[PDB]
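The next block is target-v2.json, given as JSON, N, CA and C atoms.
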```json
[["chain", "number", "residue", "atom", "x", "y", "z"],
["A", 1, "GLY", "N", 90.31, 116.45, 125.57],
["A", 1, "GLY", "CA", 89.78, 116.42, 124.19],
["A", 1, "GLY", "C", 90.88, 116.21, 123.16],
["A", 2, "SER", "N", 90.76, 116.88, 122.03],
["A", 2, "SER", "CA", 91.71, 116.75, 120.94],
["A", 2, "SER", "C", 92.04, 118.12, 120.37],
["A", 3, "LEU", "N", 93.16, 118.68, 120.80],
["A", 3, "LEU", "CA", 93.60, 119.99, 120.32],
["A", 3, "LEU", "C", 95.12, 120.07, 120.35],
["A", 4, "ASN", "N", 95.72, 120.10, 119.15],
["A", 4, "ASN", "CA", 97.17, 120.16, 119.01],
["A", 4, "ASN", "C", 97.83, 119.02, 119.77],
["A", 5, "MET", "N", 97.34, 117.81, 119.52],
["A", 5, "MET", "CA", 97.84, 116.62, 120.18],
["A", 5, "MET", "C", 98.98, 116.01, 119.37],
["A", 6, "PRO", "N", 100.17, 115.91, 119.96],
["A", 6, "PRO", "CA", 101.32, 115.31, 119.28],
["A", 6, "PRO", "C", 101.16, 113.81, 119.13],
["A", 7, "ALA", "N", 101.44, 113.30, 117.94],
["A", 7, "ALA", "CA", 101.35, 111.87, 117.68],
["A", 7, "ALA", "C", 102.57, 111.41, 116.89],
["A", 8, "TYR", "N", 103.21, 110.38, 117.40],
["A", 8, "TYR", "CA", 104.43, 109.86, 116.80],
["A", 8, "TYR", "C", 104.08, 108.77, 115.79],
["A", 9, "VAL", "N", 104.61, 108.87, 114.59],
["A", 9, "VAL", "CA", 104.25, 107.94, 113.53],
["A", 9, "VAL", "C", 104.76, 106.53, 113.81],
["A", 10, "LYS", "N", 103.85, 105.57, 113.71],
["A", 10, "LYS", "CA", 104.17, 104.16, 113.92],
["A", 10, "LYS", "C", 104.93, 103.59, 112.73],
["A", 11, "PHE", "N", 104.32, 103.65, 111.56],
["A", 11, "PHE", "CA", 104.90, 103.04, 110.37],
["A", 11, "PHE", "C", 104.81, 103.99, 109.18],
["A", 12, "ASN", "N", 105.66, 103.76, 108.18],
["A", 12, "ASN", "CA", 105.67, 104.58, 106.97],
["A", 12, "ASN", "C", 104.36, 104.46, 106.21],
["A", 13, "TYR", "N", 103.71, 105.60, 106.01],
["A", 13, "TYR", "CA", 102.46, 105.66, 105.27],
["A", 13, "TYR", "C", 102.55, 106.69, 104.17],
["A", 14, "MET", "N", 102.48, 106.22, 102.93],
["A", 14, "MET", "CA", 102.53, 107.10, 101.78],
["A", 14, "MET", "C", 101.16, 107.72, 101.53],
["A", 15, "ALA", "N", 101.12, 109.04, 101.49],
["A", 15, "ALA", "CA", 99.90, 109.75, 101.17],
["A", 15, "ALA", "C", 99.71, 109.77, 99.66],
["A", 16, "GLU", "N", 98.55, 109.32, 99.21],
["A", 16, "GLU", "CA", 98.29, 109.20, 97.79],
["A", 16, "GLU", "C", 97.77, 110.51, 97.20],
["A", 17, "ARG", "N", 96.77, 111.07, 97.85],
["A", 17, "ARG", "CA", 96.08, 112.23, 97.30],
["A", 17, "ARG", "C", 96.42, 113.52, 98.06],
["A", 18, "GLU", "N", 95.71, 114.59, 97.72],
["A", 18, "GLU", "CA", 96.02, 115.93, 98.21],
["A", 18, "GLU", "C", 95.66, 116.10, 99.68],
["A", 19, "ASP", "N", 94.57, 115.47, 100.11],
["A", 19, "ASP", "CA", 94.09, 115.64, 101.47],
["A", 19, "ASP", "C", 94.56, 114.49, 102.36],
["A", 20, "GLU", "N", 95.44, 113.66, 101.83],
["A", 20, "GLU", "CA", 96.07, 112.61, 102.62],
["A", 20, "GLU", "C", 97.36, 113.12, 103.24],
["A", 21, "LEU", "N", 97.68, 112.62, 104.41],
["A", 21, "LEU", "CA", 98.84, 113.09, 105.15],
["A", 21, "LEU", "C", 99.90, 111.99, 105.22],
["A", 22, "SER", "N", 101.06, 112.26, 104.65],
["A", 22, "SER", "CA", 102.16, 111.29, 104.61],
["A", 22, "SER", "C", 102.79, 111.12, 105.98],
["A", 23, "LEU", "N", 103.04, 109.87, 106.36],
["A", 23, "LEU", "CA", 103.61, 109.57, 107.66],
["A", 23, "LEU", "C", 104.95, 108.86, 107.53],
["A", 24, "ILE", "N", 105.88, 109.22, 108.39],
["A", 24, "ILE", "CA", 107.20, 108.62, 108.41],
["A", 24, "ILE", "C", 107.48, 108.04, 109.78],
["A", 25, "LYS", "N", 107.76, 106.75, 109.81],
["A", 25, "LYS", "CA", 108.13, 106.08, 111.05],
["A", 25, "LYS", "C", 109.29, 106.82, 111.70],
["A", 26, "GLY", "N", 109.08, 107.30, 112.92],
["A", 26, "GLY", "CA", 110.11, 108.05, 113.60],
["A", 26, "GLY", "C", 109.74, 109.51, 113.79],
["A", 27, "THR", "N", 108.85, 110.02, 112.94],
["A", 27, "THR", "CA", 108.49, 111.43, 112.98],
["A", 27, "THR", "C", 107.25, 111.65, 113.85],
["A", 28, "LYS", "N", 106.79, 112.89, 113.90],
["A", 28, "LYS", "CA", 105.65, 113.25, 114.74],
["A", 28, "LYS", "C", 104.71, 114.17, 113.98],
["A", 29, "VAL", "N", 103.41, 113.96, 114.15],
["A", 29, "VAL", "CA", 102.41, 114.81, 113.53],
["A", 29, "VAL", "C", 101.58, 115.51, 114.60],
["A", 30, "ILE", "N", 100.93, 116.60, 114.22],
["A", 30, "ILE", "CA", 100.08, 117.35, 115.14],
["A", 30, "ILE", "C", 98.61, 117.02, 114.87],
["A", 31, "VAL", "N", 98.02, 116.27, 115.78],
["A", 31, "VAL", "CA", 96.63, 115.85, 115.65],
["A", 31, "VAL", "C", 95.68, 116.92, 116.15],
["A", 32, "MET", "N", 94.73, 117.29, 115.31],
["A", 32, "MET", "CA", 93.72, 118.25, 115.69],
["A", 32, "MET", "C", 92.35, 117.59, 115.70],
["A", 33, "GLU", "N", 92.03, 116.91, 114.62],
["A", 33, "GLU", "CA", 90.73, 116.28, 114.45],
["A", 33, "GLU", "C", 90.85, 114.77, 114.57],
["A", 34, "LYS", "N", 89.99, 114.17, 115.38],
["A", 34, "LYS", "CA", 89.94, 112.71, 115.50],
["A", 34, "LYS", "C", 88.49, 112.25, 115.48],
["A", 35, "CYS", "N", 88.15, 111.45, 114.47],
["A", 35, "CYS", "CA", 86.78, 110.99, 114.29],
["A", 35, "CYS", "C", 86.51, 109.76, 115.15],
["A", 36, "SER", "N", 85.31, 109.21, 115.03],
["A", 36, "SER", "CA", 84.93, 108.02, 115.77],
["A", 36, "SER", "C", 85.44, 106.75, 115.09],
["A", 37, "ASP", "N", 86.09, 106.92, 113.95],
["A", 37, "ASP", "CA", 86.63, 105.80, 113.20],
["A", 37, "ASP", "C", 88.13, 106.00, 112.97],
["A", 38, "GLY", "N", 88.69, 105.27, 112.02],
["A", 38, "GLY", "CA", 90.13, 105.22, 111.86],
["A", 38, "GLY", "C", 90.72, 106.41, 111.10],
["A", 39, "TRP", "N", 89.89, 107.36, 110.71],
["A", 39, "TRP", "CA", 90.37, 108.53, 109.99],
["A", 39, "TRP", "C", 90.56, 109.73, 110.92],
["A", 40, "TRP", "N", 91.81, 110.08, 111.17],
["A", 40, "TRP", "CA", 92.14, 111.27, 111.94],
["A", 40, "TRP", "C", 92.68, 112.35, 111.01],
["A", 41, "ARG", "N", 92.67, 113.59, 111.48],
["A", 41, "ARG", "CA", 93.17, 114.70, 110.69],
["A", 41, "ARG", "C", 94.23, 115.48, 111.46],
["A", 42, "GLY", "N", 95.43, 115.49, 110.92],
["A", 42, "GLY", "CA", 96.54, 116.14, 111.57],
["A", 42, "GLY", "C", 97.51, 116.76, 110.59],
["A", 43, "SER", "N", 98.45, 117.52, 111.10],
["A", 43, "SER", "CA", 99.43, 118.19, 110.26],
["A", 43, "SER", "C", 100.83, 117.62, 110.49],
["A", 44, "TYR", "N", 101.50, 117.33, 109.39],
["A", 44, "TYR", "CA", 102.89, 116.90, 109.42],
["A", 44, "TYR", "C", 103.72, 117.95, 108.70],
["A", 45, "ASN", "N", 104.60, 118.62, 109.46],
["A", 45, "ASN", "CA", 105.36, 119.80, 109.01],
["A", 45, "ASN", "C", 105.47, 119.92, 107.49],
["A", 46, "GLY", "N", 104.55, 120.68, 106.90],
["A", 46, "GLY", "CA", 104.54, 120.86, 105.47],
["A", 46, "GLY", "C", 103.13, 120.78, 104.90],
["A", 47, "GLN", "N", 102.38, 119.78, 105.34],
["A", 47, "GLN", "CA", 101.00, 119.59, 104.87],
["A", 47, "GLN", "C", 100.11, 119.09, 106.00],
["A", 48, "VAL", "N", 98.81, 119.26, 105.82],
["A", 48, "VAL", "CA", 97.82, 118.76, 106.76],
["A", 48, "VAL", "C", 96.88, 117.82, 106.03],
["A", 49, "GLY", "N", 96.21, 116.94, 106.75],
["A", 49, "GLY", "CA", 95.21, 116.12, 106.13],
["A", 49, "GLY", "C", 94.86, 114.89, 106.92],
["A", 50, "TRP", "N", 94.34, 113.89, 106.24],
["A", 50, "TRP", "CA", 93.84, 112.68, 106.88],
["A", 50, "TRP", "C", 94.92, 111.61, 106.97],
["A", 51, "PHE", "N", 94.96, 110.93, 108.10],
["A", 51, "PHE", "CA", 95.87, 109.81, 108.29],
["A", 51, "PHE", "C", 95.18, 108.75, 109.14],
["A", 52, "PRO", "N", 95.54, 107.47, 108.94],
["A", 52, "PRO", "CA", 94.96, 106.36, 109.71],
["A", 52, "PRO", "C", 95.46, 106.33, 111.15],
["A", 53, "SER", "N", 94.52, 106.18, 112.08],
["A", 53, "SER", "CA", 94.82, 106.17, 113.50],
["A", 53, "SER", "C", 95.74, 105.01, 113.89],
["A", 54, "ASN", "N", 95.67, 103.91, 113.15],
["A", 54, "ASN", "CA", 96.47, 102.73, 113.45],
["A", 54, "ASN", "C", 97.95, 102.96, 113.14],
["A", 55, "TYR", "N", 98.25, 104.07, 112.47],
["A", 55, "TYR", "CA", 99.61, 104.37, 112.07],
["A", 55, "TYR", "C", 100.25, 105.43, 112.97],
["A", 56, "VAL", "N", 99.58, 105.80, 114.06],
["A", 56, "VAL", "CA", 100.12, 106.83, 114.94],
["A", 56, "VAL", "C", 100.13, 106.41, 116.41],
["A", 57, "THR", "N", 101.16, 106.89, 117.09],
["A", 57, "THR", "CA", 101.31, 106.75, 118.52],
["A", 57, "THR", "C", 100.93, 108.07, 119.19],
["A", 58, "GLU", "N", 99.76, 108.12, 119.82],
["A", 58, "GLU", "CA", 99.35, 109.31, 120.55],
["A", 58, "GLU", "C", 100.40, 109.65, 121.60],
["A", 59, "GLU", "N", 100.52, 108.79, 122.59],
["A", 59, "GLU", "CA", 101.58, 108.88, 123.58],
["A", 59, "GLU", "C", 101.56, 107.61, 124.42],
["A", 60, "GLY", "N", 102.33, 106.63, 123.98],
["A", 60, "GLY", "CA", 102.31, 105.34, 124.61],
["A", 60, "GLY", "C", 101.27, 104.43, 123.97],
["A", 61, "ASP", "N", 100.32, 103.98, 124.77],
["A", 61, "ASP", "CA", 99.25, 103.12, 124.27],
["A", 61, "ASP", "C", 97.93, 103.53, 124.89]]
```
Target format structure tokens, applied to this file:
Amino acid sequence: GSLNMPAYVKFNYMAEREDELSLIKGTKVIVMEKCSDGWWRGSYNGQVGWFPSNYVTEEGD
């Protein structure tokens, strides 16, 4: 399933709003929630929120 799943950031993604999650190429986020579409919900040391699935590496491909 999806519980505390580590995901490595693919590309730099600037979070615009409060519930958006900023991503840095090279870093890793903790994925908890993953929807049926491109909006996933994970925590990046400091804040939690929504990030695009196309911008994260679950583990490989």
Margin query: I want to know what sits within 9 Å of residue 43 of chain A, based on only C-alpha atoms, with residues of the same chain fewer than 6 positions away left out; could you give that as a ChimeraX atom specification?
Written below: /A:21,29-32,49-50
Next item on the list: Considering only C-alpha atoms, return as an MDAnalysis selection string whatever protein or nucleic-acid residues lie within 12 Å of residue 58 of chain A, sequence-local ones (same chain, fewer than 2 positions apart) excluded.
Entry: chainID A and resid 2 4:10 28:32 34 40 42 53:56 60:61
Next item on the list: Enter the distance from atom CA of residue 46 of chain A to atom CA of residue 17 of chain A, in Å, rounded to one decimal.
Entry: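 Atom CA of residue 46 of chain A sits 14.6 Å away from atom CA of residue 17 of chain A.
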Item checked: Non-local contacts of residue 14 of chain A (8 Å; all atoms listed in the file; under 5 positions in same chain excluded) as number ranges by chain -> A: 20-24
Once you add 4 Å to each side, what are the centre and edge lengths of the axis-aligned box holding all listed atoms of segment 38-46 of chain A? One decimal in Å, as AutoDock Vina command-line options, if you can.
```
--center_x 97.1 --center_y 113.0 --center_z 108.5 --size_x 24.8 --size_y 23.6 --size_z 15.1
```
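Atom pair atom N of residue 1 of chain A / atom N of residue 26 of chain A: separated by 24.4 Å.
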Note to self: I need the residues of chain A that end up classed as strand (DSSP E) by DSSP on the backbone, written out as number ranges by chain.
What the structure shows: A: 5-9, 28-34, 39-44, 47-52, 56-57
Next item on the list: Quick one: pull the distance between atom N of residue 25 of chain A and atom C of residue 12 of chain A, Å, one decimal.
Entry: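 Atom N of residue 25 of chain A sits 5.5 Å away from atom C of residue 12 of chain A.
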Export of segment 6-47 of chain A: N, CA and C atoms, as a short mmCIF file (atom, residue, chain, number, x, y, z; two decimals), in the first residue's frame:
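The file below, part.cif, is the result:
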```
data_model
loop_
_atom_site.label_atom_id
_atom_site.label_comp_id
_atom_site.auth_asym_id
_atom_site.auth_seq_id
_atom_site.Cartn_x
_atom_site.Cartn_y
_atom_site.Cartn_z
N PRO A 6 9.12 6.46 1.12
CA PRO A 6 10.13 7.43 0.73
C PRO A 6 10.10 7.69 -0.78
N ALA A 7 10.15 8.95 -1.16
CA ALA A 7 10.17 9.33 -2.57
C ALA A 7 11.21 10.40 -2.81
N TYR A 8 12.06 10.15 -3.78
CA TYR A 8 13.15 11.05 -4.10
C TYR A 8 12.70 12.06 -5.15
N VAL A 9 12.93 13.33 -4.90
CA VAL A 9 12.43 14.37 -5.80
C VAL A 9 13.14 14.35 -7.15
N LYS A 10 12.35 14.33 -8.21
CA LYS A 10 12.86 14.34 -9.57
C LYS A 10 13.38 15.72 -9.96
N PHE A 11 12.51 16.72 -9.89
CA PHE A 11 12.86 18.06 -10.34
C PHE A 11 12.40 19.10 -9.33
N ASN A 12 13.01 20.28 -9.39
CA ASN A 12 12.65 21.38 -8.49
C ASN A 12 11.22 21.83 -8.72
N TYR A 13 10.42 21.77 -7.66
CA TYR A 13 9.04 22.20 -7.71
C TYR A 13 8.76 23.20 -6.60
N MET A 14 8.45 24.43 -6.99
CA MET A 14 8.13 25.47 -6.03
C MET A 14 6.69 25.35 -5.58
N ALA A 15 6.50 25.25 -4.28
CA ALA A 15 5.17 25.22 -3.70
C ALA A 15 4.62 26.64 -3.61
N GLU A 16 3.45 26.86 -4.17
CA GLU A 16 2.88 28.20 -4.23
C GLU A 16 2.10 28.53 -2.96
N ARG A 17 1.22 27.62 -2.57
CA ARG A 17 0.30 27.88 -1.48
C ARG A 17 0.67 27.11 -0.21
N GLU A 18 -0.22 27.17 0.78
CA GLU A 18 0.05 26.64 2.11
C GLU A 18 0.02 25.11 2.13
N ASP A 19 -0.86 24.52 1.34
CA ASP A 19 -1.02 23.07 1.35
C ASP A 19 -0.24 22.42 0.22
N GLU A 20 0.58 23.21 -0.46
CA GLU A 20 1.48 22.69 -1.47
C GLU A 20 2.82 22.32 -0.84
N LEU A 21 3.46 21.30 -1.38
CA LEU A 21 4.69 20.80 -0.82
C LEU A 21 5.86 21.07 -1.78
N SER A 22 6.82 21.86 -1.32
CA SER A 22 7.97 22.24 -2.13
C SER A 22 8.92 21.06 -2.32
N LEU A 23 9.39 20.87 -3.55
CA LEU A 23 10.27 19.76 -3.86
C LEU A 23 11.61 20.26 -4.38
N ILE A 24 12.68 19.59 -3.96
CA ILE A 24 14.02 19.93 -4.39
C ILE A 24 14.67 18.72 -5.02
N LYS A 25 15.09 18.87 -6.27
CA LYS A 25 15.81 17.82 -6.96
C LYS A 25 17.00 17.38 -6.13
N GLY A 26 17.03 16.10 -5.77
CA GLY A 26 18.10 15.60 -4.94
C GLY A 26 17.63 15.19 -3.55
N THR A 27 16.52 15.76 -3.11
CA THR A 27 16.02 15.51 -1.77
C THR A 27 15.00 14.37 -1.77
N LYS A 28 14.43 14.09 -0.60
CA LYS A 28 13.49 13.00 -0.45
C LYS A 28 12.30 13.44 0.39
N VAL A 29 11.11 13.00 0.01
CA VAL A 29 9.91 13.30 0.76
C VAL A 29 9.28 12.01 1.28
N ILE A 30 8.44 12.13 2.30
CA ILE A 30 7.75 10.98 2.86
C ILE A 30 6.31 10.94 2.37
N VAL A 31 6.02 10.00 1.49
CA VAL A 31 4.70 9.86 0.90
C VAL A 31 3.78 9.06 1.81
N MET A 32 2.63 9.63 2.11
CA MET A 32 1.63 8.94 2.90
C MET A 32 0.38 8.69 2.07
N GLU A 33 -0.10 9.74 1.43
CA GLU A 33 -1.33 9.67 0.66
C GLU A 33 -1.02 9.72 -0.83
N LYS A 34 -1.60 8.80 -1.59
CA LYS A 34 -1.46 8.82 -3.04
C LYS A 34 -2.81 8.57 -3.69
N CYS A 35 -3.29 9.54 -4.45
CA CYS A 35 -4.60 9.46 -5.07
C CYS A 35 -4.53 8.69 -6.39
N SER A 36 -5.66 8.59 -7.07
CA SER A 36 -5.73 7.89 -8.35
C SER A 36 -5.25 8.79 -9.49
N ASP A 37 -4.91 10.03 -9.16
CA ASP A 37 -4.44 10.98 -10.15
C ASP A 37 -3.06 11.52 -9.75
N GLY A 38 -2.67 12.64 -10.33
CA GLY A 38 -1.30 13.12 -10.18
C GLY A 38 -1.04 13.87 -8.88
N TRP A 39 -2.04 13.97 -8.02
CA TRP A 39 -1.86 14.66 -6.74
C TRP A 39 -1.60 13.69 -5.60
N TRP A 40 -0.37 13.69 -5.11
CA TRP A 40 0.00 12.91 -3.95
C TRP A 40 0.19 13.82 -2.74
N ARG A 41 0.15 13.24 -1.55
CA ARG A 41 0.32 14.01 -0.33
C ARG A 41 1.44 13.42 0.52
N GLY A 42 2.48 14.22 0.72
CA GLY A 42 3.64 13.77 1.46
C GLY A 42 4.27 14.88 2.26
N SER A 43 5.22 14.51 3.11
CA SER A 43 5.90 15.48 3.95
C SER A 43 7.36 15.63 3.56
N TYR A 44 7.79 16.87 3.43
CA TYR A 44 9.19 17.19 3.18
C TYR A 44 9.71 17.98 4.37
N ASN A 45 10.66 17.37 5.10
CA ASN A 45 11.17 17.86 6.40
C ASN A 45 10.90 19.35 6.63
N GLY A 46 9.79 19.64 7.30
CA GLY A 46 9.43 21.01 7.58
C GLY A 46 7.95 21.26 7.36
N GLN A 47 7.43 20.76 6.25
CA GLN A 47 6.02 20.92 5.91
C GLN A 47 5.47 19.68 5.23
#
```
